[PDB]
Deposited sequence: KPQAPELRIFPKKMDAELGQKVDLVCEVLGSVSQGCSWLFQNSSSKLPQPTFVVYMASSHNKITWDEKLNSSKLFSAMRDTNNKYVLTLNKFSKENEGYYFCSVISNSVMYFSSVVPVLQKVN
């Protein structure tokens, strides 16, 4: 049974800062990894999709809807980076994976402005 580890646990982000979020996919089960986001703009927990990286070759898929960038660091480590932090990408992130048609989720990472 696969478990995903997001890093870090939280991010209190400065305006304009670049944030890498990384998610290690353990076990050894599935294809790529899907990155998901919950805009702080929504009062009701509405997950929006962000990107999917294939496990096999470097081959991402971004939904149509500058800000993000993603790569597969060596092995099992899927990086999602927000290029410039702002109110737009301010919210909660997590990766997801699909083995034997079962969805798995990492913890959620609150990336929220400065304090």
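Comparing the deposited sequence with the modelled residues, the stretches lacking C-alpha coordinates are 1-3, 69-72, 123.
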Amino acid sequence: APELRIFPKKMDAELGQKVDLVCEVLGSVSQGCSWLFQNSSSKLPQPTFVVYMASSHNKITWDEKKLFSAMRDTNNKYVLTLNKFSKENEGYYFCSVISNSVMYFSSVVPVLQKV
From here on, numbers count along this sequence of modelled residues.
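Ranked by C-alpha B-factor against the other modelled residues of its chain, residue 50 falls in the middle third.
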